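Shown next, in structure tokens, is the structure this report addresses.
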Amino acid sequence: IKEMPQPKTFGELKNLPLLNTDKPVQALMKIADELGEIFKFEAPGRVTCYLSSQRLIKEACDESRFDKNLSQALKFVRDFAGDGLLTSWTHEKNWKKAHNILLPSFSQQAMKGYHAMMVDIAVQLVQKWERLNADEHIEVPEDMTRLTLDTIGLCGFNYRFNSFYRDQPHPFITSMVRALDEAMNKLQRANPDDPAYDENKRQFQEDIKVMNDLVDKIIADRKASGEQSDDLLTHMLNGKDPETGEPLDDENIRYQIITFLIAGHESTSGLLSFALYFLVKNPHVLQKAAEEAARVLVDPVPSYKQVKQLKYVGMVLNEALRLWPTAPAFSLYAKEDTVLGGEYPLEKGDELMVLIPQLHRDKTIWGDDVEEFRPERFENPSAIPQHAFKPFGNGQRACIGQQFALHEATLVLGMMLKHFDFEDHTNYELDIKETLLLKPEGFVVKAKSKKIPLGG
Ligand code: HEM
Ligand SMILES: NCCc1c[nH]c2ccc(O)cc12
């Protein structure tokens, strides 16, 4: 039974002067470097416990002792994501209901049914790049986000945002991204009720309405038509929860659709963008991955089967997730009083944060070379100890989109690697922007086409 390590407190400010930054996860990694696998962090009227080792995070992932906490960020996102899967407590009625109803639509097997829709948007990405003039370049996370938004729109509810046809995004996207940005800015806002933010508030409401109006209309149309698709909206209209018997009502179906776009677009765009960043910075890895792409993707359009074959591409992506997990933290609370790690008493309701990039640098698991990009770490992946690698969160509250994201990212990265040679034409210096997720801000490349045609 030990005192918890804690950085220096400054009277009533407590630790807050140490987290004055636009990059707080990177700043908390620097505090973990100094203080170790666990530290308390206090700010006026907030207290939490940052964990960075596999030893402690395994205990935090014990669902009989700890459950998912809604961070202040998630509570602000709940203003438009409602009680959809990401922003609901495990004890809310719609959390288990939607979980039960949606799980089979997110399984590995379900990816067979999404694959042609994913190929549609992936082809649009490849074609856009094939069509660039020789002096142009690619804005990587910008184009990965066009691809992931459009892919979730098509697989989610058979709706085309047509992001590759546009300089300014579809108004739903504009509103979603502006609402997310307002949710995030509220975390930093001294006087949220000051008349200065009256206009923020009005715009937020207007953004919510834009979002609700389109999705409520899509759901209403689909109910009145009676049409059946290979989409999530179909499965939610049909499904019943085996436990309660209850269906999702129309309002919750809307929150789930807003949720899949919010939860899937920026995370999967980040994973693709960091994986390309690492490949252009590690030429021998990029060559190995490109050889696998050419060896495996032998047809003009990839099949579901071929995508499962891209084992090295899968390792590249996991290794990008190891170094910069795009959803870099998740929040837990103690279900009852408990002692963490034999050393640290916690009280019921105490909050723990899992610092994922720091966990993924735990040298007692991964060895000393934790900064090196080496996808071969994952050559044999049942060998990684349980709870050492957690880029999709934990247990029943883990990422429902995991198979979707990884099938998406492997298909797209395999196609990119099949069709282009890539140039880091600016000698780009990694700069990690943190919103509610991580992104390689300003990452740009040039793609020289291999002139390999696409099928129809
Ligand atoms: C590489 C891309 C992704 C990563 C790294 C990621 C990561 C995560 C993590 C870390 C959580 C747990 C959050 C928490 O504990 O507070 C989560 C939850 C969730 N994610 Fe993802 N995700 C990704 C892609 C997606 C996609 C594409 C979708 C939807 C199609 C999605 C949908 C969800 C949903 C609905 C939850 C809430 C699950 C539940 O609590 O029942 N995610 N994700
Ligand atoms: N599905 C992971 C993306 C994700 C996980 N948690 C989140 C919180 C806020 C947000 O915008 C996005 C996310």
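Every chain in the structure tokens takes a letter, A first, then B, and so on in the order presented; its residues are numbered from 1, and the ligands are numbered from 1 following the presented order.
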
*asked:* Please find the residues contacting ligand 1 at a distance of at most 6 Å between atoms, with only C-alpha atoms and all ligand atoms counted, and report them as a list in words.
replied: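 Those residues are residues 68, 85, 86, 99, 260, 263, 264, 267, 268, 271, 325, 326, 327, 330, 391, 392, 393, 397, 398, 399, 400, 401, 402, 404 and 405 of chain A.
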
*If we count only C-alpha atoms, what is near residue 105 in chain A at a cut-off of 12 Å, once residues fewer than 3 positions away on the same chain are taken out, given as number ranges by chain?*
A: 98-102, 108-114, 155-156, 230-236, 238-239, 400-404

Could the residues in this selection be saved with N, CA and C atoms as an mmCIF file, in the first residue's frame?
data_model
loop_
_atom_site.group_PDB
_atom_site.id
_atom_site.type_symbol
_atom_site.label_atom_id
_atom_site.label_comp_id
_atom_site.auth_asym_id
_atom_site.auth_seq_id
_atom_site.Cartn_x
_atom_site.Cartn_y
_atom_site.Cartn_z
ATOM 1 N N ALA A 98 -28.521 -2.399 -28.290
ATOM 2 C CA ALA A 98 -27.894 -2.093 -29.552
ATOM 3 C C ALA A 98 -26.678 -2.960 -29.762
ATOM 4 N N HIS A 99 -25.911 -3.202 -28.694
ATOM 5 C CA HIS A 99 -24.773 -4.122 -28.750
ATOM 6 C C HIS A 99 -25.205 -5.526 -29.296
ATOM 7 N N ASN A 100 -26.264 -6.060 -28.677
ATOM 8 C CA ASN A 100 -26.730 -7.387 -29.087
ATOM 9 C C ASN A 100 -27.214 -7.388 -30.530
ATOM 10 N N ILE A 101 -27.881 -6.309 -30.952
ATOM 11 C CA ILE A 101 -28.558 -6.288 -32.225
ATOM 12 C C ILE A 101 -27.471 -6.092 -33.309
ATOM 13 N N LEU A 102 -26.415 -5.332 -32.973
ATOM 14 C CA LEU A 102 -25.453 -4.892 -34.000
ATOM 15 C C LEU A 102 -24.280 -5.790 -34.133
ATOM 16 N N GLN A 108 -16.513 -10.391 -38.522
ATOM 17 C CA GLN A 108 -15.682 -10.741 -39.684
ATOM 18 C C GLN A 108 -16.535 -11.264 -40.862
ATOM 19 N N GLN A 109 -17.449 -12.190 -40.570
ATOM 20 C CA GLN A 109 -18.316 -12.706 -41.595
ATOM 21 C C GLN A 109 -19.150 -11.609 -42.240
ATOM 22 N N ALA A 110 -19.663 -10.650 -41.458
ATOM 23 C CA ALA A 110 -20.471 -9.590 -42.090
ATOM 24 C C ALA A 110 -19.671 -8.743 -43.128
ATOM 25 N N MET A 111 -18.341 -8.736 -43.013
ATOM 26 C CA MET A 111 -17.490 -7.898 -43.900
ATOM 27 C C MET A 111 -17.627 -8.367 -45.326
ATOM 28 N N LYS A 112 -18.045 -9.618 -45.519
ATOM 29 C CA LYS A 112 -18.288 -10.104 -46.866
ATOM 30 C C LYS A 112 -19.355 -9.290 -47.553
ATOM 31 N N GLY A 113 -20.348 -8.919 -46.776
ATOM 32 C CA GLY A 113 -21.504 -8.185 -47.330
ATOM 33 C C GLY A 113 -21.187 -6.705 -47.589
ATOM 34 N N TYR A 114 -20.205 -6.146 -46.851
ATOM 35 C CA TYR A 114 -19.786 -4.727 -47.045
ATOM 36 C C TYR A 114 -18.734 -4.557 -48.068
ATOM 37 N N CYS A 155 -22.061 1.934 -46.563
ATOM 38 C CA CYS A 155 -22.323 0.706 -45.765
ATOM 39 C C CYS A 155 -23.316 0.903 -44.651
ATOM 40 N N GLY A 156 -23.358 2.110 -44.104
ATOM 41 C CA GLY A 156 -24.203 2.419 -42.948
ATOM 42 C C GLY A 156 -25.658 2.533 -43.384
ATOM 43 N N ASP A 230 -27.915 -4.293 -48.166
ATOM 44 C CA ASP A 230 -26.787 -4.892 -47.415
ATOM 45 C C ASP A 230 -26.236 -3.902 -46.356
ATOM 46 N N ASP A 231 -27.116 -3.144 -45.715
ATOM 47 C CA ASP A 231 -26.632 -2.061 -44.893
ATOM 48 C C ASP A 231 -27.007 -2.157 -43.424
ATOM 49 N N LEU A 232 -26.296 -1.388 -42.591
ATOM 50 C CA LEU A 232 -26.581 -1.361 -41.146
ATOM 51 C C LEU A 232 -28.000 -0.904 -40.825
ATOM 52 N N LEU A 233 -28.506 0.054 -41.607
ATOM 53 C CA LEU A 233 -29.850 0.609 -41.364
ATOM 54 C C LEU A 233 -30.932 -0.526 -41.464
ATOM 55 N N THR A 234 -30.794 -1.366 -42.491
ATOM 56 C CA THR A 234 -31.653 -2.584 -42.680
ATOM 57 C C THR A 234 -31.583 -3.492 -41.427
ATOM 58 N N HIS A 235 -30.358 -3.824 -40.985
ATOM 59 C CA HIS A 235 -30.208 -4.740 -39.867
ATOM 60 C C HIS A 235 -30.845 -4.110 -38.635
ATOM 61 N N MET A 236 -30.788 -2.759 -38.486
ATOM 62 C CA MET A 236 -31.369 -2.113 -37.279
ATOM 63 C C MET A 236 -32.893 -2.001 -37.343
ATOM 64 N N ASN A 238 -34.708 -4.310 -38.837
ATOM 65 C CA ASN A 238 -35.216 -5.686 -38.659
ATOM 66 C C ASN A 238 -34.958 -6.252 -37.269
ATOM 67 N N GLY A 239 -33.738 -6.059 -36.766
ATOM 68 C CA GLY A 239 -33.282 -6.718 -35.514
ATOM 69 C C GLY A 239 -34.060 -6.543 -34.212
ATOM 70 N N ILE A 400 -16.771 -1.750 -31.532
ATOM 71 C CA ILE A 400 -17.596 -2.664 -32.335
ATOM 72 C C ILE A 400 -17.122 -2.649 -33.821
ATOM 73 N N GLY A 401 -16.558 -1.529 -34.262
ATOM 74 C CA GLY A 401 -16.053 -1.368 -35.647
ATOM 75 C C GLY A 401 -14.714 -1.999 -35.986
ATOM 76 N N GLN A 402 -14.117 -2.746 -35.057
ATOM 77 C CA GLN A 402 -12.752 -3.203 -35.262
ATOM 78 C C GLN A 402 -12.568 -3.963 -36.633
ATOM 79 N N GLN A 403 -13.417 -4.970 -36.900
ATOM 80 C CA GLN A 403 -13.313 -5.730 -38.161
ATOM 81 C C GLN A 403 -13.557 -4.844 -39.363
ATOM 82 N N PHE A 404 -14.546 -3.961 -39.230
ATOM 83 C CA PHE A 404 -14.860 -3.015 -40.298
ATOM 84 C C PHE A 404 -13.646 -2.145 -40.627
#

*asked:* Write out as a PyMOL selection string the set of residues from range 22-167 of chain A that DSSP, computed on the backbone, places in helix (DSSP H, G or I).
replied: chain A and resi 24-35+54-60+72-81+93-106+111-130+140-157+163-165

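Proximity of A:215, A:4, A:248, A:180 to ligand 2, computed with only C-alpha atoms and all ligand atoms, is greatest for A:180.
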
*Would you mind telling me which residue in A:49, A:211, A:152, A:432 lies nearest to residue 277 in chain A when using only C-alpha atoms?*
A:432

Contacts of residue 387 in chain A at 9 Å or less, counting only C-alpha atoms, minus same-chain residues fewer than 3 places along, as a PDB file with N, CA and C atoms, in the first residue's frame?
ATOM      1  N   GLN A  54       1.324  -2.688 -18.866  1.00  0.00           N
ATOM      2  CA  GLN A  54       0.447  -3.813 -19.022  1.00  0.00           C
ATOM      3  C   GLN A  54       0.007  -4.385 -17.650  1.00  0.00           C
ATOM      4  N   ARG A  55       0.902  -4.303 -16.640  1.00  0.00           N
ATOM      5  CA  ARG A  55       0.587  -4.943 -15.356  1.00  0.00           C
ATOM      6  C   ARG A  55      -0.667  -4.291 -14.746  1.00  0.00           C
ATOM      7  N   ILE A  57      -2.813  -2.051 -16.411  1.00  0.00           N
ATOM      8  CA  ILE A  57      -3.905  -1.968 -17.364  1.00  0.00           C
ATOM      9  C   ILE A  57      -4.646  -3.324 -17.422  1.00  0.00           C
ATOM     10  N   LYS A  58      -3.933  -4.450 -17.270  1.00  0.00           N
ATOM     11  CA  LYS A  58      -4.673  -5.718 -17.218  1.00  0.00           C
ATOM     12  C   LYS A  58      -5.692  -5.717 -16.078  1.00  0.00           C
ATOM     13  N   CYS A  61      -8.640  -3.603 -16.875  1.00  0.00           N
ATOM     14  CA  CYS A  61      -9.523  -4.206 -17.864  1.00  0.00           C
ATOM     15  C   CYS A  61     -10.381  -5.367 -17.340  1.00  0.00           C
ATOM     16  N   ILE A 384       1.562 -12.060 -28.401  1.00  0.00           N
ATOM     17  CA  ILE A 384       1.522 -10.832 -27.582  1.00  0.00           C
ATOM     18  C   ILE A 384       0.679 -11.086 -26.258  1.00  0.00           C
ATOM     19  N   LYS A 390      -3.934  -2.654 -27.119  1.00  0.00           N
ATOM     20  CA  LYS A 390      -5.357  -2.327 -26.919  1.00  0.00           C
ATOM     21  C   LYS A 390      -5.806  -1.146 -27.745  1.00  0.00           C
ATOM     22  N   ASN A 394     -11.478  -2.130 -24.676  1.00  0.00           N
ATOM     23  CA  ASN A 394     -11.475  -3.328 -23.821  1.00  0.00           C
ATOM     24  C   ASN A 394     -12.807  -3.988 -23.663  1.00  0.00           C
TER      25      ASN A 394
END

*asked:* At a cut-off of 9 Å, using only C-alpha atoms, what residues contact residue 42 in chain A? Leave out same-chain residues fewer than 6 positions from it and give the result as an NGL selection string.
replied: :A and (6 or 9 or 13-16 or 48-49)

*Can you tell me, as a PyMOL selection string, what residues are no more than 10 Å from residue 137 in chain A when counting only C-alpha atoms, ignoring any on the same chain fewer than 2 positions away?*
chain A and resi 129+132-135+139-140+423+425+444-448

_Applying 12 Å and only C-alpha atoms, which residues near residue 319 in chain A remain after dropping the ones on its own chain fewer than 4 positions away? List them as an MDAnalysis selection string._
chainID A and resid 271:272 274:279 285 312:315 323:326 357 360:361 366 370:379 381 389:391
